[PDB]
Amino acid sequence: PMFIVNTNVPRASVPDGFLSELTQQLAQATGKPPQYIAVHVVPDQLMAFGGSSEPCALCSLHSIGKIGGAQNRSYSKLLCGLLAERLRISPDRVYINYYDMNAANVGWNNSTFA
């Protein structure tokens, strides 16, 4: 799985180990080994939510399976919780797009997962 967070908060706002926290929490949440989890955080972005340049974030979670209505709500609660606590971004200013990828459409190590 891979989780990407794009945000306008400054780099200094991202605590050391934040990437590791995301990795471990997502492993726990998705059930997949942390070793398969990739995380990417992009601060100091030029973005707005509702026209407002106050702190916000646009994210995406891609995963082969383990993506569904109820599961996504749980992921959102977890992820929004982390962003609020660690980056001080209000949950109502956070979007996370979820993607349930077919194993044939995810490349890794010279091949796919199909």
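Sequential numbering from 1, following the sequence displayed.
Between 45-53 and 67-75, it is 67-75 that carries the larger average Cα temperature factor according to the deposited entry. In the deposited entry, the Cα temperature factor of residue 101 sits in the middle third of values across the chain's modelled residues. When the modelled residues of the chain are ordered by C-alpha B-factor, residue 26 sits in the middle third. Ranked against the other modelled residues of its chain, the C-alpha B-factor of residue 112 as given in the entry falls in the highest third.
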